[PDB]
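Residue numbers (the authors' numbering), protein chains in the order written: chain B, 12 to 22; chain A, 58 to 126.
Have a look at this one:
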């Protein structure tokens, strides 16, 4: 797990 | 709010998203959604997170997530 957090930061 | 206060919220937010994602990978849809709901609950403006989740989840799973808020 973790790809979701990474995706959320990207911005 | 100092840095400790925001840091504890950021950390809880990140833990819940991680658990959310793992549980759903394992197909425990109910607990995964519970964890995602906790992360959404702590955001003053969850619209972007919700749009990302809509792109990432199967429609009935996202639906379900909406009923819980």
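Idealized CB from N, CA, C, for every residue including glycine.
Within chain B, the residues whose beta carbon sits less than 8 Å from that of residue 74 of chain A are 15, 16, 19, listed in sequence order. Listed in chain order, the alpha helix (DSSP H) elements of length 4 or more contained wholly in the segment 70 to 124 of chain A are 86 to 98, 104 to 113, 116 to 124. For the pair residue 69 of chain A and residue 96 of chain A, the Cα-to-Cα distance works out to about 7 Å. A direct Cα-to-Cα measurement between residue 76 of chain A and residue 105 of chain A gives close to 19 Å. With fewer than 16 other Cβ atoms inside 10 Å of its own Cβ, residue 101 of chain A counts as exposed.
Neighbourhood of residue 109 of chain A in chain B, by CB distance below 7 Å: 18, 19, in chain order. Close partners of residue 106 of chain A in chain B (Cβ separation under 8 Å): 19.
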